[PDB]
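entry.pdb follows (PDB, C-alpha atoms):
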```pdb
ATOM      1  CA  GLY L   1       3.252 -14.315   4.199  1.00  0.00           C
ATOM      2  CA  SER L   2       3.994 -17.976   3.585  1.00  0.00           C
ATOM      3  CA  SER L   3       0.940 -18.211   1.360  1.00  0.00           C
ATOM      4  CA  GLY L   4       2.231 -19.104  -2.084  1.00  0.00           C
ATOM      5  CA  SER L   5       5.880 -18.868  -3.059  1.00  0.00           C
ATOM      6  CA  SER L   6       5.750 -15.634  -5.022  1.00  0.00           C
ATOM      7  CA  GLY L   7       8.856 -13.566  -5.656  1.00  0.00           C
ATOM      8  CA  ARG L   8      11.106 -12.336  -2.872  1.00  0.00           C
ATOM      9  CA  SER L   9       8.410  -9.922  -1.763  1.00  0.00           C
ATOM     10  CA  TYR L  10       4.674  -9.311  -1.757  1.00  0.00           C
ATOM     11  CA  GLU L  11       2.312  -7.844  -4.325  1.00  0.00           C
ATOM     12  CA  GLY L  12      -1.392  -7.069  -4.415  1.00  0.00           C
ATOM     13  CA  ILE L  13      -4.031  -4.539  -5.393  1.00  0.00           C
ATOM     14  CA  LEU L  14      -3.838  -1.255  -3.523  1.00  0.00           C
ATOM     15  CA  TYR L  15      -6.018   1.798  -4.028  1.00  0.00           C
ATOM     16  CA  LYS L  16      -5.202   5.409  -3.239  1.00  0.00           C
ATOM     17  CA  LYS L  17      -7.404   8.259  -2.077  1.00  0.00           C
ATOM     18  CA  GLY L  18      -8.790  10.321  -4.933  1.00  0.00           C
ATOM     19  CA  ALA L  19      -8.873  13.807  -3.459  1.00  0.00           C
ATOM     20  CA  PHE L  20     -10.272  14.765  -6.844  1.00  0.00           C
ATOM     21  CA  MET L  21     -13.482  14.724  -8.847  1.00  0.00           C
ATOM     22  CA  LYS L  22     -12.864  11.087  -9.694  1.00  0.00           C
ATOM     23  CA  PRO L  23     -12.906   8.431  -6.962  1.00  0.00           C
ATOM     24  CA  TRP L  24      -9.951   6.489  -5.612  1.00  0.00           C
ATOM     25  CA  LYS L  25      -7.622   4.970  -8.181  1.00  0.00           C
ATOM     26  CA  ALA L  26      -6.830   1.269  -8.185  1.00  0.00           C
ATOM     27  CA  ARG L  27      -3.164   0.586  -8.830  1.00  0.00           C
ATOM     28  CA  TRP L  28      -0.813  -2.372  -8.594  1.00  0.00           C
ATOM     29  CA  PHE L  29       1.518  -1.816  -5.664  1.00  0.00           C
ATOM     30  CA  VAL L  30       4.628  -3.766  -4.741  1.00  0.00           C
ATOM     31  CA  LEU L  31       5.525  -4.397  -1.118  1.00  0.00           C
ATOM     32  CA  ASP L  32       9.243  -5.000  -1.489  1.00  0.00           C
ATOM     33  CA  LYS L  33      10.618  -6.373   1.759  1.00  0.00           C
ATOM     34  CA  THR L  34      14.120  -6.591   0.340  1.00  0.00           C
ATOM     35  CA  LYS L  35      14.063  -3.003  -0.865  1.00  0.00           C
ATOM     36  CA  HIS L  36      11.635  -1.938   1.836  1.00  0.00           C
ATOM     37  CA  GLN L  37       9.905   0.339  -0.643  1.00  0.00           C
ATOM     38  CA  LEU L  38       6.475   0.840  -2.164  1.00  0.00           C
ATOM     39  CA  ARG L  39       6.446   0.503  -5.934  1.00  0.00           C
ATOM     40  CA  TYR L  40       3.168   0.990  -7.762  1.00  0.00           C
ATOM     41  CA  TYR L  41       2.655   0.818 -11.509  1.00  0.00           C
ATOM     42  CA  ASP L  42      -0.228   2.362 -13.413  1.00  0.00           C
ATOM     43  CA  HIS L  43      -0.654  -1.037 -15.024  1.00  0.00           C
ATOM     44  CA  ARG L  44       0.389  -4.509 -13.936  1.00  0.00           C
ATOM     45  CA  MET L  45       3.980  -4.693 -15.118  1.00  0.00           C
ATOM     46  CA  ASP L  46       4.537  -1.303 -16.707  1.00  0.00           C
ATOM     47  CA  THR L  47       7.614  -0.086 -18.545  1.00  0.00           C
ATOM     48  CA  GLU L  48       8.956   1.210 -15.253  1.00  0.00           C
ATOM     49  CA  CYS L  49       7.880   1.934 -11.697  1.00  0.00           C
ATOM     50  CA  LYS L  50       6.100   5.235 -11.187  1.00  0.00           C
ATOM     51  CA  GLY L  51       6.733   6.523  -7.684  1.00  0.00           C
ATOM     52  CA  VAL L  52       8.379   4.963  -4.654  1.00  0.00           C
ATOM     53  CA  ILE L  53       7.648   4.987  -0.940  1.00  0.00           C
ATOM     54  CA  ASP L  54      10.635   4.200   1.247  1.00  0.00           C
ATOM     55  CA  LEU L  55       9.002   2.084   3.927  1.00  0.00           C
ATOM     56  CA  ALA L  56      11.994   3.154   5.984  1.00  0.00           C
ATOM     57  CA  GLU L  57      10.310   6.543   5.928  1.00  0.00           C
ATOM     58  CA  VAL L  58       7.064   5.202   7.340  1.00  0.00           C
ATOM     59  CA  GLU L  59       6.170   6.334  10.839  1.00  0.00           C
ATOM     60  CA  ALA L  60       3.406   3.764  11.119  1.00  0.00           C
ATOM     61  CA  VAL L  61       0.005   2.748   9.806  1.00  0.00           C
ATOM     62  CA  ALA L  62      -3.532   2.617  11.146  1.00  0.00           C
ATOM     63  CA  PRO L  63      -6.786   0.989  10.014  1.00  0.00           C
ATOM     64  CA  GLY L  64      -8.870   3.877   8.733  1.00  0.00           C
ATOM     65  CA  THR L  65     -12.464   3.917   7.546  1.00  0.00           C
ATOM     66  CA  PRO L  66     -13.964   3.880   4.043  1.00  0.00           C
ATOM     67  CA  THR L  67     -14.654   7.394   2.819  1.00  0.00           C
ATOM     68  CA  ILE L  68     -16.307   8.816  -0.275  1.00  0.00           C
ATOM     69  CA  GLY L  69     -14.741   7.749  -3.551  1.00  0.00           C
ATOM     70  CA  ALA L  70     -13.328   4.517  -2.178  1.00  0.00           C
ATOM     71  CA  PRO L  71     -14.470   1.216  -3.699  1.00  0.00           C
ATOM     72  CA  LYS L  72     -17.728  -0.372  -2.613  1.00  0.00           C
ATOM     73  CA  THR L  73     -15.977  -3.727  -2.521  1.00  0.00           C
ATOM     74  CA  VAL L  74     -13.579  -3.782   0.407  1.00  0.00           C
ATOM     75  CA  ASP L  75     -14.896  -3.236   3.914  1.00  0.00           C
ATOM     76  CA  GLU L  76     -13.981  -0.792   6.655  1.00  0.00           C
ATOM     77  CA  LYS L  77     -11.856  -3.360   8.450  1.00  0.00           C
ATOM     78  CA  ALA L  78      -9.298  -3.165   5.668  1.00  0.00           C
ATOM     79  CA  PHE L  79      -8.480   0.442   4.864  1.00  0.00           C
ATOM     80  CA  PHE L  80      -5.168   1.432   6.404  1.00  0.00           C
ATOM     81  CA  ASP L  81      -3.445   4.802   6.419  1.00  0.00           C
ATOM     82  CA  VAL L  82       0.313   4.984   6.007  1.00  0.00           C
ATOM     83  CA  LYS L  83       2.186   7.707   7.852  1.00  0.00           C
ATOM     84  CA  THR L  84       5.530   8.797   6.456  1.00  0.00           C
ATOM     85  CA  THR L  85       7.997  11.665   6.608  1.00  0.00           C
ATOM     86  CA  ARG L  86       6.725  13.196   3.388  1.00  0.00           C
ATOM     87  CA  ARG L  87       3.009  13.008   4.086  1.00  0.00           C
ATOM     88  CA  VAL L  88       0.131  10.737   5.026  1.00  0.00           C
ATOM     89  CA  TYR L  89      -1.021   8.119   2.549  1.00  0.00           C
ATOM     90  CA  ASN L  90      -4.408   6.475   2.151  1.00  0.00           C
ATOM     91  CA  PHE L  91      -4.380   2.841   1.092  1.00  0.00           C
ATOM     92  CA  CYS L  92      -6.699  -0.147   1.241  1.00  0.00           C
ATOM     93  CA  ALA L  93      -6.682  -3.713  -0.028  1.00  0.00           C
ATOM     94  CA  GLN L  94      -9.441  -5.649  -1.748  1.00  0.00           C
ATOM     95  CA  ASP L  95     -10.404  -7.548   1.382  1.00  0.00           C
ATOM     96  CA  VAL L  96     -10.661  -7.156   5.138  1.00  0.00           C
ATOM     97  CA  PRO L  97      -7.898  -9.733   5.631  1.00  0.00           C
ATOM     98  CA  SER L  98      -5.854  -9.101   2.507  1.00  0.00           C
ATOM     99  CA  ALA L  99      -5.587  -5.645   4.029  1.00  0.00           C
ATOM    100  CA  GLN L 100      -4.456  -6.777   7.460  1.00  0.00           C
ATOM    101  CA  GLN L 101      -1.657  -8.595   5.673  1.00  0.00           C
ATOM    102  CA  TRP L 102      -0.736  -5.395   3.873  1.00  0.00           C
ATOM    103  CA  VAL L 103      -0.459  -3.618   7.203  1.00  0.00           C
ATOM    104  CA  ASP L 104       1.414  -6.361   9.020  1.00  0.00           C
ATOM    105  CA  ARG L 105       3.706  -6.318   6.008  1.00  0.00           C
ATOM    106  CA  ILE L 106       4.329  -2.586   6.035  1.00  0.00           C
ATOM    107  CA  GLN L 107       4.392  -2.687   9.818  1.00  0.00           C
ATOM    108  CA  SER L 108       6.823  -5.575   9.538  1.00  0.00           C
ATOM    109  CA  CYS L 109       9.177  -3.063   7.965  1.00  0.00           C
ATOM    110  CA  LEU L 110       8.627   0.286   9.642  1.00  0.00           C
ATOM    111  CA  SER L 111      11.671   2.105  10.965  1.00  0.00           C
ATOM    112  CA  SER L 112      14.914   0.774  12.390  1.00  0.00           C
ATOM    113  CA  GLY L 113      15.111   1.185  16.148  1.00  0.00           C
ATOM    114  CA  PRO L 114      16.818  -0.453  19.134  1.00  0.00           C
ATOM    115  CA  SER L 115      17.954  -4.023  18.594  1.00  0.00           C
ATOM    116  CA  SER L 116      18.311  -6.873  21.059  1.00  0.00           C
ATOM    117  CA  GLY L 117      15.327  -7.293  23.347  1.00  0.00           C
TER     118      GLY L 117
END
```
Once you've parsed the file, please lay out its structure as structure tokens.
Amino acid sequence: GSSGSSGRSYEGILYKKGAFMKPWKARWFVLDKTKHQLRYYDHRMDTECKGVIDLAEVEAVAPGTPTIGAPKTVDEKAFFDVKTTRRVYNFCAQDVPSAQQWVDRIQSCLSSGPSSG
């Protein structure tokens, strides 16, 4: 991170696969490093958070490719899939880099393993 002070975590635009008539939906996600969870609100600063993704339940992530429905803004070197216990998630930032940061972030808080080394 470093860039800007910001709260005690990160926050940026994050879309989600459509899987429906309509294309992907752009939502405001919240990469909480302190809570290690994924909080996304329908609208920037909504009454309450709608849905959570325990990063601690993330198996890993991989840079996927732009499919149908996705935005024609971001590139292919941005989209990143998030694997969890529940199911696979399709996410992508609004930039090739901005995305990489999203990954590194999520990847920076995957699952607890062996310490010391």
Applying the PyMOL selection byres ((chain L and resi 31) around 6) to the file I just gave you, which residues come out? Please list them as a PyMOL selection string.
chain L and resi 10-11+30+32+38
Quick one: which residues end up in the PyMOL selection byres ((chain L and resi 51) around 9) for this structure, as an mmCIF file with C-alpha atoms, in the frame of the given file?
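This is the output file part.cif:
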```
data_model
loop_
_atom_site.group_PDB
_atom_site.id
_atom_site.type_symbol
_atom_site.label_atom_id
_atom_site.label_comp_id
_atom_site.auth_asym_id
_atom_site.auth_seq_id
_atom_site.Cartn_x
_atom_site.Cartn_y
_atom_site.Cartn_z
ATOM 1 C CA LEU L 38 6.475 0.840 -2.164
ATOM 2 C CA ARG L 39 6.446 0.503 -5.934
ATOM 3 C CA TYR L 40 3.168 0.990 -7.762
ATOM 4 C CA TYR L 41 2.655 0.818 -11.509
ATOM 5 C CA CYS L 49 7.880 1.934 -11.697
ATOM 6 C CA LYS L 50 6.100 5.235 -11.187
ATOM 7 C CA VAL L 52 8.379 4.963 -4.654
ATOM 8 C CA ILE L 53 7.648 4.987 -0.940
#
```
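Across the structure, CA of residue 95 (chain L) and CA of residue 65 (chain L) are spaced 13.2 Å apart.
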Nearest to residue 102 (chain L), chosen from L:69, L:54, L:4, L:12, with all atoms listed in the file counted in the distances:
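The closest residue to residue 102 (chain L) is L:12.
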Interatomic distance, CA of residue 36 (chain L) to CA of residue 48 (chain L) (Å, one decimal)
17.6 Å
Result set of the PyMOL selection byres ((chain L and resi 80-83) around 7) on the coordinates above, as a PyMOL selection string
chain L and resi 58-64+78-79+84+87-92+103
As an exercise, work out the distance from CA of residue 46 (chain L) to CA of residue 24 (chain L) in Å and give it to one decimal place.
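We find that CA of residue 46 (chain L) and CA of residue 24 (chain L) lie 19.8 Å from each other.
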Take the point (-8.0, -3.7, -1.8) in the file's coordinates, draw a sphere of radius 7 Å around it, and report as a count of residues only every protein, DNA or RNA residue with an atom inside or on it, counting all atoms listed in the file.
9
For residue 66 (chain L), list every protein, DNA or RNA residue within 8 Å, evaluated using all atoms listed in the file, and leave out those in the same chain fewer than 3 positions away; present the list as a PyMOL selection string.
chain L and resi 70+75-76+79
From L:33, L:72, L:25, L:43, residue lying nearest residue 106 (chain L) [all atoms listed in the file]
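When distances to residue 106 (chain L) are compared using all atoms listed in the file, the smallest one comes from L:33.
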Pick out the residues sitting within 10 Å of residue 112 (chain L), and hand them over as a compact mmCIF listing (two decimals) with C-alpha atoms, in the coordinates of the input; count all atoms listed in the file, and ignore anything fewer than 3 positions along from it in its own chain.
```
# COMPACT_ATOMS: atom_id res chain seq x y z
CA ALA L 56 11.99 3.15 5.98
CA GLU L 57 10.31 6.54 5.93
CA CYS L 109 9.18 -3.06 7.96
CA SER L 115 17.95 -4.02 18.59
```
Padding 8 Å on each side, edges along x, y and z: where is the centre of the box around the listed atoms of region 93-105 of chain L, and how long are its edges in Å to one decimal? Output it as AutoDock Vina command-line options.
```
--center_x -3.5 --center_y -6.7 --center_z 3.6 --size_x 30.4 --size_y 22.1 --size_z 26.8
```
Which one is closest to residue 100 (chain L): L:22, L:77, L:44, L:8? Count all atoms listed in the file.
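Closest to residue 100 (chain L) of all the choices is L:77.
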Can you put N, CA and C atoms back into region 37-48 of chain L and show it as a PDB file, in the coordinates of the input?
```pdb
ATOM      1  N   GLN L  37      10.462  -0.802   0.064  1.00  0.00           N
ATOM      2  CA  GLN L  37       9.905   0.339  -0.643  1.00  0.00           C
ATOM      3  C   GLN L  37       8.532  -0.014  -1.221  1.00  0.00           C
ATOM      4  N   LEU L  38       7.800   1.024  -1.597  1.00  0.00           N
ATOM      5  CA  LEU L  38       6.475   0.840  -2.164  1.00  0.00           C
ATOM      6  C   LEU L  38       6.492   1.255  -3.636  1.00  0.00           C
ATOM      7  N   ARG L  39       6.438   0.255  -4.501  1.00  0.00           N
ATOM      8  CA  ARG L  39       6.446   0.503  -5.934  1.00  0.00           C
ATOM      9  C   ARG L  39       5.083   0.160  -6.539  1.00  0.00           C
ATOM     10  N   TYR L  40       4.470   1.169  -7.143  1.00  0.00           N
ATOM     11  CA  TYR L  40       3.168   0.990  -7.762  1.00  0.00           C
ATOM     12  C   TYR L  40       3.196   1.422  -9.230  1.00  0.00           C
ATOM     13  N   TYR L  41       2.694   0.541 -10.083  1.00  0.00           N
ATOM     14  CA  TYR L  41       2.655   0.818 -11.509  1.00  0.00           C
ATOM     15  C   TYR L  41       1.220   1.056 -11.982  1.00  0.00           C
ATOM     16  N   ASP L  42       1.078   2.025 -12.874  1.00  0.00           N
ATOM     17  CA  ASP L  42      -0.228   2.362 -13.413  1.00  0.00           C
ATOM     18  C   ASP L  42      -0.921   1.084 -13.895  1.00  0.00           C
ATOM     19  N   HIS L  43      -0.131   0.219 -14.514  1.00  0.00           N
ATOM     20  CA  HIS L  43      -0.654  -1.037 -15.024  1.00  0.00           C
ATOM     21  C   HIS L  43       0.262  -2.185 -14.597  1.00  0.00           C
ATOM     22  N   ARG L  44      -0.355  -3.332 -14.351  1.00  0.00           N
ATOM     23  CA  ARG L  44       0.389  -4.509 -13.936  1.00  0.00           C
ATOM     24  C   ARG L  44       1.574  -4.746 -14.875  1.00  0.00           C
ATOM     25  N   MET L  45       2.765  -4.510 -14.343  1.00  0.00           N
ATOM     26  CA  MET L  45       3.980  -4.693 -15.118  1.00  0.00           C
ATOM     27  C   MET L  45       4.099  -3.630 -16.212  1.00  0.00           C
ATOM     28  N   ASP L  46       4.393  -2.412 -15.780  1.00  0.00           N
ATOM     29  CA  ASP L  46       4.537  -1.303 -16.707  1.00  0.00           C
ATOM     30  C   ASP L  46       6.016  -1.121 -17.053  1.00  0.00           C
ATOM     31  N   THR L  47       6.255  -0.347 -18.102  1.00  0.00           N
ATOM     32  CA  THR L  47       7.614  -0.086 -18.545  1.00  0.00           C
ATOM     33  C   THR L  47       8.548   0.063 -17.343  1.00  0.00           C
ATOM     34  N   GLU L  48       8.166   0.962 -16.446  1.00  0.00           N
ATOM     35  CA  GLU L  48       8.956   1.210 -15.253  1.00  0.00           C
ATOM     36  C   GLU L  48       8.048   1.607 -14.087  1.00  0.00           C
TER      37      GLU L  48
END
```
